[PDB]
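Everything below concerns the one structure shown next.
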Amino acid sequence: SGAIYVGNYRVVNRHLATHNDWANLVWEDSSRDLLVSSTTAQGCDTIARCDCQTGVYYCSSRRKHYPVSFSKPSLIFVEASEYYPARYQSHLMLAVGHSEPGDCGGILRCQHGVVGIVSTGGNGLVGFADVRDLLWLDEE
Ligand SMILES: NC(=O)[C@H]1CC(=O)N(Cc2cccc3c2OCC3)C1
Ligand SMILES: [Zn+2]
């Protein structure tokens with residue numbers, strides 16, 4: 001589990017969104033595994049606006065933050081899971097690292113701020129849904 005809290009927005013994995021998230025919906029995209037809802041309180045996270053390929057992510061199944069090198073956001077085939085059939089997921093970045101299903105939502109960050117959140121895993125790989133292209137998270 002886990003979310004990004006930036007301005008009056010809550011960014012979560014679409015497959016983990018709650019009823020309250022759907023009832024306060026701002027934007028959702030199944031192909032990216034992302035959903036954004038509105039919040040009453042202002043958040044403290046800042047979004048990275050960069051092309052970094054190194055950062056650090058939080059892994060709840062190890063209670064640890066790991067430094068990783070990660071690929072550029074792209075269209076990657078993801079195996080079938082409890083939440084989606086086998087399909088191509090867009091704006092996804094892969095790294096070598098530990099990830100179990102419940103690790104989804106952990107933040108990946110670089111020197112500029114939050115890059116994305118854990119969305120996929122298995123086989124000693126971890127995949128992150130990029131949010132650096134969602135410029136509207138910084139305003140309104
Ligand atoms: N974005 C998606 O399609 C995710 C939905 C889901 O439940 N996925 C399975 C998964 C996530 C994280 C780590 C691991 C996984 O499987 C093995 C370890 C992929
Ligand atoms: Zn950066």
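Naming works like this for the structure tokens: A, B, ... for the chains as they're shown, residue 1 at the start of each chain, ligands 1 onward in shown order.
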
May I have the residues within 8 Å of stretch 34-50 of chain A as a ChimeraX atom specification, using only C-alpha atoms and disregarding those fewer than 6 positions away in the same chain? /A:4-15,17,21-22,24-28,109-115,129,131-133,137-138

Show me which residues sit within 8 Å of ligand 1 when counting only C-alpha atoms and all ligand atoms, and put them as a PyMOL selection string. chain A and resi 13+15+32-33+78-87+89+99-104+118-123+126-127+129

Report the distance between atom CA of residue A:74 and atom CA of residue A:18 in Å, rounded to one decimal place.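 Pair atom CA of residue A:74 / atom CA of residue A:18 returns 27.0 Å.
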
Taking only C-alpha atoms and all ligand atoms into account, name the residue in A:139, A:29, A:130, A:51 that is nearest to ligand 2.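 Looking at the shortest contact to ligand 2, the residue is A:51.
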
Of the listed residues A:107, A:95, A:20, A:135, that which approaches residue A:59 most closely, counting only C-alpha atoms: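 Nearest candidate to residue A:59 out of A:107, A:95, A:20, A:135: A:107.
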
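Nearest residue to ligand 2 among A:30, A:19, A:108, A:66 is A:108, counting only C-alpha atoms and all ligand atoms.
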
Calculate how many Å separate atom CA of residue A:73 from atom CA of residue A:106, rounding to one decimal.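 Taking atom CA of residue A:73 and atom CA of residue A:106, their separation equals 17.2 Å.
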
Among stretch 53-83 of chain A, which residues does DSSP mark as strand (DSSP E) when it is run on the backbone? Keep the chain and numbering as in the structure and answer as a PDB file with C-alpha atoms, in the first residue's frame.
```pdb
ATOM      1  CA  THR A  54      18.735   6.546 -10.584  1.00  0.00           C
ATOM      2  CA  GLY A  55      16.807   6.923  -7.344  1.00  0.00           C
ATOM      3  CA  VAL A  56      15.662   5.207  -4.160  1.00  0.00           C
ATOM      4  CA  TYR A  57      12.427   3.269  -3.513  1.00  0.00           C
ATOM      5  CA  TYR A  58      10.614   2.049  -0.395  1.00  0.00           C
ATOM      6  CA  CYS A  59      10.057  -1.736  -0.078  1.00  0.00           C
ATOM      7  CA  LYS A  64      13.954  -0.776   3.654  1.00  0.00           C
ATOM      8  CA  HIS A  65      14.713   1.936   1.108  1.00  0.00           C
ATOM      9  CA  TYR A  66      16.915   0.658  -1.767  1.00  0.00           C
ATOM     10  CA  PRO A  67      18.959   2.653  -4.309  1.00  0.00           C
ATOM     11  CA  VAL A  68      18.194   1.528  -7.877  1.00  0.00           C
ATOM     12  CA  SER A  69      18.923   2.240 -11.535  1.00  0.00           C
ATOM     13  CA  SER A  74       7.818   2.674 -21.592  1.00  0.00           C
ATOM     14  CA  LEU A  75       5.173   0.111 -22.690  1.00  0.00           C
ATOM     15  CA  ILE A  76       6.032  -3.196 -20.886  1.00  0.00           C
ATOM     16  CA  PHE A  77       4.225  -6.568 -20.917  1.00  0.00           C
ATOM     17  CA  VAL A  78       3.095  -7.440 -17.366  1.00  0.00           C
TER      18      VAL A  78
END
```

Per DSSP on the backbone, what are the helix (DSSP H, G or I) residues of stretch 30-139 of chain A, as a ChimeraX atom specification? /A:30-32,101-103,135-138

Export of the given selection (N, CA, C and O atoms) as a tab-separated table (two decimals), in the first residue's frame:
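For reference, out-v7.tsv as written:
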```tsv
chain	number	residue	atom	x	y	z
A	30	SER	N	-6.33	2.97	-16.37
A	30	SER	CA	-6.07	1.56	-16.17
A	30	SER	C	-4.77	1.11	-16.83
A	30	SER	O	-4.04	0.30	-16.25
A	31	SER	N	-4.48	1.61	-18.05
A	31	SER	CA	-3.24	1.20	-18.75
A	31	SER	C	-1.97	1.60	-17.98
A	31	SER	O	-0.92	1.01	-18.21
A	32	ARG	N	-2.05	2.61	-17.09
A	32	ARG	CA	-0.90	3.06	-16.27
A	32	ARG	C	-0.96	2.57	-14.80
A	32	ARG	O	-0.02	2.85	-14.03
A	101	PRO	N	3.41	-8.33	-4.08
A	101	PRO	CA	2.20	-7.54	-4.43
A	101	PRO	C	1.88	-6.36	-3.49
A	101	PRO	O	1.60	-5.24	-3.95
A	102	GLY	N	1.99	-6.60	-2.20
A	102	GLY	CA	1.70	-5.61	-1.17
A	102	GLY	C	2.69	-4.45	-1.13
A	102	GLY	O	2.48	-3.48	-0.40
A	103	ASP	N	3.81	-4.54	-1.87
A	103	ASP	CA	4.77	-3.42	-1.98
A	103	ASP	C	4.25	-2.28	-2.88
A	103	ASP	O	4.80	-1.17	-2.86
A	135	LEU	N	1.95	17.00	-15.25
A	135	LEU	CA	2.28	18.35	-14.80
A	135	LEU	C	1.20	19.01	-13.98
A	135	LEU	O	1.51	19.82	-13.10
A	136	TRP	N	-0.07	18.66	-14.25
A	136	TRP	CA	-1.22	19.23	-13.55
A	136	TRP	C	-1.24	18.90	-12.04
A	136	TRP	O	-1.98	19.54	-11.29
A	137	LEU	N	-0.42	17.91	-11.59
A	137	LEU	CA	-0.34	17.63	-10.14
A	137	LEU	C	0.22	18.82	-9.34
A	137	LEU	O	-0.04	18.91	-8.12
A	138	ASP	N	0.99	19.72	-10.01
A	138	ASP	CA	1.63	20.89	-9.38
A	138	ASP	C	0.73	22.11	-9.23
A	138	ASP	O	1.21	23.15	-8.76
```

Which is closest to ligand 2 among A:53, A:92, A:125, A:61, if we use only C-alpha atoms and all ligand atoms?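 Selected residue with least distance to ligand 2: A:53.
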
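Our summary of the geometry notes that atom CA of residue A:60 is positioned 12.8 Å from atom CA of residue A:3.
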
With only C-alpha atoms and all ligand atoms as the basis for distance, which of A:124, A:91, A:140, A:52 is at the shortest distance from ligand 2?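 Between A:124, A:91, A:140, A:52, the residue approaching ligand 2 most closely is A:52.
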